[PDB]
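One structure is given below, encoded as C-alpha cells.
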Amino acid sequence: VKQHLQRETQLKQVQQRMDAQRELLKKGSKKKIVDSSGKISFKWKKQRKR
Amino acid sequence: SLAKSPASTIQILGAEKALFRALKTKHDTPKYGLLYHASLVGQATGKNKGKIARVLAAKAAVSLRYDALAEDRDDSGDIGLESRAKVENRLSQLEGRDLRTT
Amino acid sequence: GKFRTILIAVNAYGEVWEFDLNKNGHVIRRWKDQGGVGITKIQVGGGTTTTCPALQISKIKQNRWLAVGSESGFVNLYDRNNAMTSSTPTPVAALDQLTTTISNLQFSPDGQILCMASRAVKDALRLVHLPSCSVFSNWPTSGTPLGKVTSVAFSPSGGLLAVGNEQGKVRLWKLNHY
Amino acid sequence: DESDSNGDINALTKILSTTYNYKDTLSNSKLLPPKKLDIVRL
Amino acid sequence: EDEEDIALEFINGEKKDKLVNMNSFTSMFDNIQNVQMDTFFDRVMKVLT
Amino acid sequence: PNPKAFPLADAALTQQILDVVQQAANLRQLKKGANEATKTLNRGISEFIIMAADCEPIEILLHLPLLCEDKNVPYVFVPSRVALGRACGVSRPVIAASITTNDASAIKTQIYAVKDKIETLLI
Amino acid sequence: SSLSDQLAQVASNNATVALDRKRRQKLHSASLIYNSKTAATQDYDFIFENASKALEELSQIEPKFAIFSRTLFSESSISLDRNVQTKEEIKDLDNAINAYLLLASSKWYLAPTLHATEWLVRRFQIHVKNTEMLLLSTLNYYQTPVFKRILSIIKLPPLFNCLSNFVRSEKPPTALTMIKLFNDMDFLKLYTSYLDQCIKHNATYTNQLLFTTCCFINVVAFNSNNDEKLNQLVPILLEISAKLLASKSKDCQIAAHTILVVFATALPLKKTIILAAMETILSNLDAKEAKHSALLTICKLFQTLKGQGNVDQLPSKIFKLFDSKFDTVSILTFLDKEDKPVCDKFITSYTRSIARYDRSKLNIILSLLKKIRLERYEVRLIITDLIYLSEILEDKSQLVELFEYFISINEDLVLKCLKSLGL
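Protein sequence lines, in the order shown, are assigned to chains A, B, C, D, E, F and G.
Using this note's numbering, the first residue of the first sequence is number 1, and each one after it goes up by one.
Using this note's numbering, the first residue of the second sequence is number 1001, and each one after it goes up by one.
Using this note's numbering, the first residue of the third sequence is number 2001, and each one after it goes up by one.
Using this note's numbering, the first residue of the fourth sequence is number 3001, and each one after it goes up by one.
Using this note's numbering, the first residue of the fifth sequence is number 4001, and each one after it goes up by one.
Using this note's numbering, the first residue of the sixth sequence is number 5001, and each one after it goes up by one.
Using this note's numbering, the first residue of the seventh sequence is number 6001, and each one after it goes up by one.
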C-alpha cells in the first residue's frame, strides 16, 4: 500500500507540472516571474478570451 | 449513474476498448462508441458525424439528466425536443458549409 | 426654474444606488445590475450632464441612456424609462467587442453615439450607434493611430471627437453628420 | 411600334427610371445611420 | 422651448430598429419545403423582429 | 430564488467568491463548465465547486452535489450566471465552475479562507 | 491568339454535329434516366414510343401539353435533325423548347416528366443548346437526384461555375453555394429576365417563388456590407418587385411584399420611392391575405422611413385610394390586434391626411389614438394640425373632444403649442 500511495503522489506531481506546460502552450499574454525562493511561474494579463 | 457521468463519456461510452488501447499506447482516441446508431449521426457524413456525435452527446447529457432527477416532470420531452431542434440546426448549418472552393 | 440632481453611485460588485441631493442625501432607489461582477465605470448620456453641461436652467433636460462599463470589457446599456420603473431591471443591450479593461464611457451630447474605450492595449476604442445598440463597423481600422486611449472627449456643438492616448498626444476627428 | 403620345402600376418603373441615387442625400435628417461613420481626421 | 429642443425630442422619440446582418436568413432555406408562402412572409417578418 | 439549490450565498459572500475566482482564472487554476467540473470531481483534484442558481433548468447541474456529498468537497451556489461568466473570464453564461489544486499558487491563503466560509455555510 | 485557342473555339461551336461514330456514341450516350451502356445501345424508336406515352399521361394530368404533343413529338420529330435546319428554324425550335421547359418546370416530381424531357434531351441536345433556360427552370430543385443527373450531363455555361465544381458530386449543392451564385449580379439579371417571362406566361408556383424570393433576400444579406453594391443593385430587384406586382396571383404580390420589406429595411431609401412602392402595391392589391400582408408591409415601410417630414400628409390620390381599399374598420382591426407591430408613423400620416382631407371621421381618429400609443413630436404635429382645423373649420364637438383627450393626456404640450401660436 505504501508504494501505491507514494507512486500515486509522484504521478500527481508529474501530471500537474505537465499540464502547466500545456497551459504554457495554449494561448494568451503570458508573463514569466522568478518567485523569491527561485522558482519560475506564469501569470496571464487580465484579459477575457473571446 | 448514467446522468452521474459527464458528456465526453456519454459520447465515448461504447468503444471503451479501443479507447483504453489508444490511451495506454499513445495513439489517438476513438470518437463514436455506442452513439453511432443514433439517427442524427446516421444522417451525418464523416468529420461531420464526429462533430454531430459530440454535440448530440452533450445535449444527450442535458436531457438524460433532466429526465433523471427532476422532482417535477412533464413526461412530454420538452427539453429533449428543443434540444433536437438545436442539434438539427447545428447539423444543417455545418452540412451547408462546404469545404471546397467555388 | 425647478429641477433636481440625482447622484447615481456604483459599488464594484454590481449594486447601484441612486441618491438625490436637493434634500440632504437620502436613498431614492437601490437596485442590482444584472451580472457585471467587476464594475468599474458608469456614465449617463442623452439629456444634459457633466459632459454636455447646459447653459441655463431652461436648457436642462432629463437623461435617457445609462451605461455600466465593467472590468472584463463589458458594457451594459440601459433605458431609464423602464429601468427606474422596474427597480430590478434588464439590460437593453450588451456590448463586448472590447476585450480588455474598461476605462472610459462617454456619450456624444445628443446621446446618439456611445463612445467606449479601454485602457490596457493599443487600438482599444469603439463607437456605438443608439438606440440600435449596435457597434459601428467601419471605424477604427488598423490604420488609426490611436495608442492607449485614456481620455474621451466630445465637443458640445462643433461635432469634434478628441481622443487622448498615453504616448502624450491627443488627436482630432470631426464627425460630418454633426 | 411604340407610341408614348385610380392607381396605376408603372409608378415604380418610372420613378426608378428617373432617380440616380437611392440612399437618400438631401435629408440630413438630424439622425445618424448605423454601421457607417462620416469621419475626418484632423 | 427652442428648435434644437424640438430636434432633441425627435431623437428621443426615435425608437430602435432590429437591423439586418449578412447571415440572418438561412432558416428559410431550411424550412422551404412545403410551407405556405403566407407563413413564409410571417417568418421573414419575425426574423426581422 | 430557486427553491432547489439549498446553500445560496449573500451579496457579501458572492463578492468574495467571484473575486477569488477572478484571480484563480487569471492564473488558470480554475476549470469551467459543468462537464469539466464533473470530470475534476471524479479526478479528485477539485478544490471546490461554484454553481449558478439561475440556470434553466437547474437539474443539469443539480446532479453534481451528489458527487460533492460523496467525495467530501465544498460546493456553493451564486445567483447570477452571466456574473459567473464575466467573472471567470469568458464570453458566455457559465452555469458552474471548480477551483483546482496547486500548492505553488500565490493564492493558497485566500482559497482556504473562502473554503472555510463555504464549509461554515454548508455544515 | 493561340492555334489551340481558336480550335477550342471551333469545338465549342461544333460540339454536337455527330461527325464520327465515336463522337456519335458519346453524344447519344449522354442521357438522364438510363446508365451509359444502355443509353448507347437503345434506339430512337424505343425512346420516342415511351416518350409519347409519357406525354399522354402528362396531358391527362394537365391538359395543356396537347400542342406539344402536336409538334414536339411527331414522327417527323423522329425524322428531323437539328444540326442542319437553318437559323430561322433554329430560333423557332428554341422558342418551342422554352415554352415546353417553362411548362415542365412545374411538374418535375414525376417519372413521366422525366421520360418526356429525356426524349427532348437526347433528340434535340437540349443539354447543350438551351442549357441556360433549362437550368434556370429546374434550378429551384437542388436536393434531388433529378438535379443530380441533369447537372452531371450538362456542360455548364460560364454563369454557373459553382455548379461546375459540383458536377457529379455525391451530395447536393448547398444553399450557401447557391447564394454565392445569386450574389453574383449578371446571373441575377438573367434570372429576372426568366421571371418576367414566367410571369407574363402566368405559370408560376409556390416552390419556385419561395426559393427565388429567399435567394434575393440572402443576396441583399451578403451585400449588406458595401452600400455601394446595393446603390447599384436597387434597380434589378425593384423591377422584379413591380413585375411580380403586375400579376394576379396573391402569391406573387406577397412575394413582392417580402422582397420590398427586406430591401427597404436594408437600405435607407427616398420617400418618393417608398410612397410609389406603396401606391403600386395597393393598386394591384386584390386578395385578402394580400390585404393583410400589404398592411404589414406599408406599416413597416413608413416606420423605417427616416428623413425631414417623416410624418407629412399622404398625397391626395394616394390617400383616397388607400381609404377605398382599407376603410377605417380594417385599420382599427389591425391596430387592436394583439401582435402590435410598430406602425405609429403610418398612423400619424394617416391621421394628418384624414384631418386635412376628410374632416369627418374625427371620432375614428380619437378611437385610434385611444387604441395605440404615440410619441411626443408627432403628437405635437397632430395637435398643431388640429389647431389649424379649429381656426379654419367651424367649431366641432368632436374637435373639442379631441382637445379634451389631449388635456386628459398631455395638456401641457398642448399649452406649449398654444403659446407657440395663440392665447
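Heads up, the beta-carbon is just placed ideally off N, CA and C, and yes, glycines get one too.
Check                                                                                                                                                                                      : Outcome
Just to make sure I have the definition right: I need the residues of chain G whose C-beta is within less than 7 Å of the C-beta of residue 4017 of chain E. Which are they?               : 6304
Which residue comes first and which comes last in the beta strand (DSSP E) that contains residue 2045 of chain C?                                                                          : 2039 to 2045
Which residues in chain B have a C-beta closer than 7 Å to the C-beta of residue 5062 of chain F? List them in chain order.                                                                : 1069
Could you tell me the alpha carbon to alpha carbon distance between residue 2027 of chain C and residue 2052 of chain C, rounded to whole angstroms?                                       : 26 Å
Can you tell me whether DSSP reads residue 5075 of chain F as helix, strand or coil?                                                                                                       : strand
Excluding the five sequence neighbours on either side, which residues of its own chain have a C-beta within less than 7 Å of the C-beta of residue 2038 of chain C, listed in chain order? : 2012, 2070, 2071 and 2072
Using a Cβ cut-off of 9 Å, pull out every chain E residue sitting near residue 6225 of chain G, in sequence order please.                                                                  : 4022
Starting from residue 35 of chain A and walking both ways along the beta strand (DSSP E), at which residues does that stretch end?                                                         : 32 to 35
Counting C-beta neighbours from all protein chains within 10 Å, is the total for residue 6158 of chain G 16 or more, i.e. buried, or is it exposed?                                        : exposed
Could you check what DSSP says for residue 4022 of chain E in three-state terms: helix, strand or coil?                                                                                    : coil
Leaving out the 5 sequence neighbours to the left and right, which residues in its chain are closer than 8 Å to residue 4006 of chain E when beta-carbon positions are compared?           : none
Looking at chain E, which residues of the segment 3011 to 3040 of chain D have a Cβ within less than 8 Å of any of its Cβ atoms?                                                           : 3030, 3031, 3034 and 3035
Could you run through the segment 5024 to 5048 of chain F and flag, in chain order, every residue whose CB is less than 7 Å away from some CB of chain B?                                  : 5035, 5038 and 5039
In chain A, what lies closer than 7 Å to residue 2014 of chain C by C-beta?                                                                                                                : Going along chain A, no residue has its Cβ under 7 Å from residue 2014 of chain C, so there is no contact; the nearest lies around 17 Å.
Taking only the alpha-carbon atoms, compute the straight-line gap between residue 6024 of chain G and residue 6036 of chain G and give it to the nearest angstrom.                         : 13 Å
For residue 6029 of chain G, which of helix, strand or coil comes out of DSSP?                                                                                                             : helix
Is there a Cβ from chain A that is less than 8 Å from the Cβ of residue 2072 of chain C?                                                                                                   : yes
Tell me whether residue 2185 of chain C sits in a helix, a strand or coil according to DSSP, three-state version.                                                                          : Beyond the ends of chain C as shown, which are 2001 and 2178, falls residue 2185 of chain C; an answer cannot be given.
Would you mind giving the Cβ-Cβ distance between residue 2077 of chain C and residue 2091 of chain C, rounded to the nearest angstrom? I have them listed as a contact below 8 Å.          : 7 Å
Which residues mark the beginning and the end of the beta strand (DSSP E) in which residue 2031 of chain C is found?                                                                       : 2026 to 2032
Identify which residue in G:6107, G:6055, G:6142 and G:6061 has its Cα closest to the Cα of residue 1096 of chain B.                                                                       : G:6142
I'd like to check one pair, residue 5017 of chain F with residue 5061 of chain F: are the Cβ atoms closer than 8 Å?                                                                        : no
DSSP three-state label for residue 2071 of chain C, please.                                                                                                                                : coil
According to a CB-to-CB cut-off of less than 8 Å, which residues of the segment 2079 to 2102 of chain C neighbour chain F?                                                                 : 2096
Looking at chain F, which residues of the segment 1007 to 1020 of chain B have a Cβ within less than 8 Å of any of its Cβ atoms?                                                           : 1007 and 1008
Could you check where the alpha helix (DSSP H) with residue 5085 of chain F kicks off and where it finishes?                                                                               : 5081 to 5088
Could you check whether the Cβ of residue 5960 of chain G sits closer than 8 Å to any Cβ belonging to chain E?                                                                             : Lying outside 6001 to 6423, the shown extent of chain G, residue 5960 of chain G is not represented and no answer is given.
Do residue 3031 of chain D and residue 2129 of chain C have their C-beta atoms within less than 8 Å of each other?                                                                         : no
Please state the DSSP three-state secondary structure of residue 6317 of chain G.                                                                                                          : helix
Give, in chain order, every residue of the segment 6175 to 6198 of chain G whose Cβ lies closer than 8 Å to some Cβ of chain B.                                                            : 6175, 6176, 6177 and 6180
What are the residues in the segment 31 to 43 of chain A lying within 9 Å of chain F by C-beta distance?                                                                                   : 35, 39, 41, 42 and 43
Quick check: what's the CA-CA separation for residue 5089 of chain F versus residue 6175 of chain G?                                                                                       : 36 Å
Determine, for residue 5094 of chain F, whether the minimum Cβ-Cβ distance to residues of chain C falls below 8 Å.                                                                         : no
By DSSP, does residue 6394 of chain G sit in helix, in strand, or in coil?                                                                                                                 : coil
Any beta-carbon of chain G closer than 8 Å to the one on residue 1096 of chain B?                                                                                                          : yes
Would you please verify whether the beta carbon of residue 23 of chain A is less than 8 Å from any beta carbon of chain F?                                                                 : yes
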